[PDB]
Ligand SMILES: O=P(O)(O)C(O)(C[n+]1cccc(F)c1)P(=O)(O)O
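First, one chain by itself: the form solved without the ligand, in structure tokens.
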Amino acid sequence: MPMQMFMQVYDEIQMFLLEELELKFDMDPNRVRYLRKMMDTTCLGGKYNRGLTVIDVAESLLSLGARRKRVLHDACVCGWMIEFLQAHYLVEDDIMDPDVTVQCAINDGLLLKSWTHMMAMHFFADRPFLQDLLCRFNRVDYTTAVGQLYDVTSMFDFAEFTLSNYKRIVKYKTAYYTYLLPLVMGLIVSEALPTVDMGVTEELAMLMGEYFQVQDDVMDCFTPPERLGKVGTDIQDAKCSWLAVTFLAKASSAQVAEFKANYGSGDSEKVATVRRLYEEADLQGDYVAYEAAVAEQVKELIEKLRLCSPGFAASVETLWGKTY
């Protein structure tokens, strides 16, 4: 039922957005169908983990009937706001890596983000939480752009190749919008935001984001493209990855010199040299121990949350199960 409900609400939001363009923005049918296809291509096809998390949080807070139906519908619209925000970031990432295709990609980026506001302003028009929801969503979106700056400039200004900076990148670039925002939106629609310890929740979101990114980083380097679903390019791109920061703390002066001469290059042999250095430093072994310690911290904080917010902690437990 969650997925069938989420997809039903997508059809509803899409028809509202396209009809609004046709009836209030003077859009011609050719462009309406063009935007319908663009919206489907960019917003559909993923796992919907962020969107479905909003639904799971709302259901936990109503259980633990005009209010119920409304809360779950609101949870679905919030869920699509996050999925459209994610769609916006991917289009922006695709531009990053008189051409009407580039003009249309930039335009797509702007529309996807504007659509998060348009769907909120319509579906939550009479809701008292509209202002707070808009403010928290905008602040998380800003946080994400700041994280993108930290990420893209990490190898410029290896001084920033530290674990504390790696955590700063993960927190801002990924954790706030992927883990914290779905949790917060589920609380807003349930009118249950002041009933939870925000400190422990923020801390949980950061830890889950860190656990996911460390796993993502190790897989980017060692999981082959057919199994990974993409070509891993962190070494070539000279990313501030968990592997790079962990390697620098434990390598010898000549090994660091070898890492520095070979990192951030497209050359096949230089990438292989970096992989060889990670392997010889036993980084895959260290990966298992790092993740276990993060998991111990996550499991502990959920208990603290359950003391005052039981239903919420159970939805945080489900979100964690999807990451672990």
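A residue's number is simply how far along the shown sequence it sits, counting from 1. Basically, rigid core = biggest C-alpha set you can superpose within 1.5 Å across the two forms.
This next part talks about the form solved in complex with the ligand, which is not shown.
Participant: With heavy atoms only and a cut-off of 4.5 Å, decide whether residue 203 touches the ligand in the bound PDB entry.
Facilitator: Heavy-atom contact with the ligand at 4.5 Å: absent for residue 203.
Participant: Taking heavy atoms and a 4.5 Å cut-off, does residue 97 contact the ligand in the bound PDB entry?
Facilitator: Result yes; residue 97 sits at the interface with the ligand in the bound PDB entry.
Participant: In the bound PDB entry, does residue 197 come within 4.5 Å of the ligand, counting heavy atoms only?
Facilitator: Answer no; every heavy atom of residue 197 is more than 4.5 Å from the ligand in the bound PDB entry.
Participant: Considering non-hydrogen atoms and a 4.5 Å limit, does the ligand approach residue 115 in the bound PDB entry?
Facilitator: Outside the cut-off, so no.
Participant: I need the one stretch from 68-76, 122-130, 246-254, 146-154 whose residues put non-hydrogen atoms within 4.5 angstroms of the ligand in the bound PDB entry.
Facilitator: It is 146-154 that comes within 4.5 Å of the partner.
Participant: At 4.5 Å, heavy atom to heavy atom, what parts of 155-187 sit next to the ligand in the bound PDB entry? List them in sequence order, or say none.
Facilitator: Going through 155-187 in order - heavy atoms within 4.5 Å of the ligand in the bound PDB entry - the hits are 173, 174, 177.
Participant: At a threshold of 2 angstroms on the CA positions, core aligned, which residue out of 134, 152, 146, 228 shifts between this form and the one not shown?
Facilitator: Looking at each option in turn, only one qualifies, and it is 228.
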